[PDB]
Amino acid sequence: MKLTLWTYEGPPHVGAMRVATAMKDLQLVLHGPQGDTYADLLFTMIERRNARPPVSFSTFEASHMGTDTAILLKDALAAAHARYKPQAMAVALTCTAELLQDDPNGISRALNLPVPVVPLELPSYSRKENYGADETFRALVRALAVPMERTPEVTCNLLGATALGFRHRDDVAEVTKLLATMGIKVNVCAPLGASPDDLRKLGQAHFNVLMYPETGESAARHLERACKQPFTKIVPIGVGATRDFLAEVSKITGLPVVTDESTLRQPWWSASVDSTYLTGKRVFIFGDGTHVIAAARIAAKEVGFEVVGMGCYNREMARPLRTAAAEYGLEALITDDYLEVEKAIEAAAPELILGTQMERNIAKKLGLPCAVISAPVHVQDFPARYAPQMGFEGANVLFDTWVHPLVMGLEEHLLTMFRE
């Protein structure tokens, strides 16, 4: 047992929900207790969604345990199917149901539905949310994708966008627009926006864009072996990262790299004279692996900060992060304990903190400028306005967003220093 107040990630079954809600015409059935429906709040409140998550629970409680739990799962599965007629379903165990002896795969197969029901294995006591989504998506893809003839014109898939992703919506839109400038159309984007029938059409794409390693890497690896599809290793957050990405995409396809830079403003903003006081500002960077690595390169090589501390909460990105951090002369902080983050921040004494919502709060207490680069994140960071982190508009967005807190902090510090 670890005493826990804050947790950066929920249980893997929430990640499964994160993949189901992302998709359409797919029902997820979770074996779990009355009460676990609280996770729907996340999708309806934070993402401001117009429908109930395609998720339901067997809903066992004290007066229906023992041999009744198996029946409830069967009821739940049959009821979900008869009501929504999805193209496919998935079944999984909540943490509480993981201690029961019920076999979802056995139960679901004996029910013998006219659509595939994909049983998921999600160890709720050793693994967390991001694995839940990654594994759910891999299992879905393994069950549904088949080798196919390549489309006549060059296309790719987008992999790893989910519900409750930090800026996934607008990243998808922005990455689409920059592949379209190179003459590459998107085949399927998945999980987000995909149906199980779309998943069946994955194989006709030429390669995959792996947008988020934490939620798409397994499906990408599978699609590489099964559908002979290469996947991009570089995540286009940052001007520099976007170029390398497009260079990678060029190597994959043989197509030349074309760009529309008429709207790229970050490099000139950063080169301009009003940015020269940012030079050497000490930045501490925390969050998930993908966003921390991306932010570090922007901080050091695009804005001119000194990266003074670097880490992430998700074990699955530990090695890419440790490899990244060493180029800055730093040892990566790998932890899911916000109190450890708080110790590393005090010791590093930064001038700016790039992090999650926990870090915004640590930064408030210490009186330090902070900006948010990664999930977990409250309702504020699901904006009505266009807010990508990726590509060129994302580079513009990131610039305004990191700099704003610094100007506010200096401005408030100057105001109090000339009153008396």
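Just count from 1 along the sequence shown to find any residue number.
As the entry records it, the average C-alpha temperature factor is higher for 63-71, out of 63-71 and 390-398. Judged by mean Cα B factor in the deposited record, 85-93 ranks above the other of 85-93 and 279-287. Looking at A163, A180, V292, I298, the one whose CA carries the top B-factor in the deposited record is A180. Sorting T136, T335, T155, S270 by the CA temperature factor given in the entry leaves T155 at the top. Among the modelled residues of its chain, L26 has a C-alpha B-factor that falls in the middle third according to the deposited record. When the CA B factors of the chain's modelled residues are split into thirds, the value for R360 lands in the middle one. Per the deposited record, the Cα B-factor of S126 falls in the highest third when ranked against the other modelled residues of its chain.
In the deposited entry, the Cα temperature factor of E149 sits in the top third of values across the chain's modelled residues.
Ranked within its chain, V14 lands in the lowest third, by CA B factor from the PDB record.
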